[PDB]
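Remarks on the structure that follows.
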Amino acid sequence: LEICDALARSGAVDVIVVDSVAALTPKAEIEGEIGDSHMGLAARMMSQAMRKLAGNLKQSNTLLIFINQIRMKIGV
DNA sequence: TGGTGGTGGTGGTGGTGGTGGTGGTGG
């Protein structure tokens, strides 16, 4: 996301794509171990990223495309 | 401040309908 931000700020690129938001691990998770909580870090990271990108995208007139994946909820 | 992610198949029910006639013996 910081590559995306620093690229958009320059006004050079006209389209950016992120191949899946289901692959953007938080840092602490990468260096931790399997089975740890790592509760809601991804959500906080994504919210901050949007809050900080919406408007730099506008100024630079860039179009940013996300791809996602389907998961299912238990207990519904 | 900010949400995650689907498990595992179970047990059989009921019987139908009959077809065809051979061969005379003693004065």
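Chain labels follow the order of the structure tokens: the first chain is A, the next B, and so on; residue numbering restarts at 1 in every chain, and ligands are counted from 1 in their shown order.
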Taking only C-alpha atoms (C1' of nucleotides) into account, what are the residues of chain A at most 9 Å from chain B, put as a PyMOL selection string? chain A and resi 39-45+47+71-74
For the selection just defined, write its residues with N, CA, C and O atoms to a file, as a short mmCIF file (atom, residue, chain, number, x, y, z; two decimals), in the first residue's frame.
```cif
data_model
loop_
_atom_site.label_atom_id
_atom_site.label_comp_id
_atom_site.auth_asym_id
_atom_site.auth_seq_id
_atom_site.Cartn_x
_atom_site.Cartn_y
_atom_site.Cartn_z
N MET A 39 -5.77 -10.34 15.67
CA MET A 39 -7.15 -9.89 15.52
C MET A 39 -7.21 -8.54 14.81
O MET A 39 -6.59 -7.56 15.26
N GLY A 40 -7.93 -8.48 13.70
CA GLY A 40 -8.34 -7.21 13.11
C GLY A 40 -7.25 -6.27 12.66
O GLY A 40 -7.53 -5.12 12.33
N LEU A 41 -6.00 -6.73 12.64
CA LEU A 41 -4.93 -5.89 12.11
C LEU A 41 -5.17 -5.54 10.64
O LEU A 41 -4.96 -4.40 10.22
N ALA A 42 -5.60 -6.52 9.85
CA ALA A 42 -5.81 -6.27 8.44
C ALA A 42 -6.88 -5.21 8.22
O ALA A 42 -6.74 -4.34 7.35
N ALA A 43 -7.97 -5.27 8.99
CA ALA A 43 -9.03 -4.29 8.83
C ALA A 43 -8.53 -2.89 9.15
O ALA A 43 -8.83 -1.93 8.42
N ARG A 44 -7.77 -2.73 10.23
CA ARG A 44 -7.26 -1.42 10.59
C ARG A 44 -6.32 -0.89 9.51
O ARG A 44 -6.38 0.29 9.14
N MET A 45 -5.47 -1.77 8.98
CA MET A 45 -4.55 -1.37 7.92
C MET A 45 -5.31 -0.90 6.69
O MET A 45 -4.99 0.14 6.10
N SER A 47 -8.43 0.23 6.47
CA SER A 47 -9.14 1.48 6.73
C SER A 47 -8.20 2.67 6.67
O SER A 47 -8.52 3.69 6.04
N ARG A 71 -15.15 -15.63 1.00
CA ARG A 71 -15.11 -16.46 2.18
C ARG A 71 -16.53 -16.59 2.71
O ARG A 71 -17.43 -15.85 2.30
N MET A 72 -16.74 -17.53 3.63
CA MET A 72 -18.07 -17.85 4.12
C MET A 72 -18.12 -17.71 5.63
O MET A 72 -17.13 -17.96 6.33
N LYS A 73 -19.28 -17.30 6.13
CA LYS A 73 -19.47 -17.03 7.55
C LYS A 73 -20.10 -18.24 8.23
O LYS A 73 -21.09 -18.79 7.74
N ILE A 74 -19.53 -18.64 9.37
CA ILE A 74 -20.15 -19.69 10.17
C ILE A 74 -21.15 -19.07 11.13
O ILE A 74 -20.99 -17.94 11.60
#
```
Between atom CA of residue 56 of chain A and atom CA of residue 4 of chain A, distance in Å (one decimal):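 Separation between atom CA of residue 56 of chain A and atom CA of residue 4 of chain A: 10.5 Å.
Residues lying within 9 Å of residue 18 of chain A, counting only C-alpha atoms (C1' of nucleotides) and ignoring same-chain neighbours fewer than 3 positions away, are residues 4, 21, 64, 65, 66 and 67 of chain A.
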Gap from atom CA of residue 16 of chain A to atom CA of residue 53 of chain A - Å, one decimal: 12.5 Å
What does the structure give for the distance between atom CA of residue 11 of chain A and atom CA of residue 50 of chain A, in Å to one decimal?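 Atom-to-atom, atom CA of residue 11 of chain A to atom CA of residue 50 of chain A, that is 18.0 Å.
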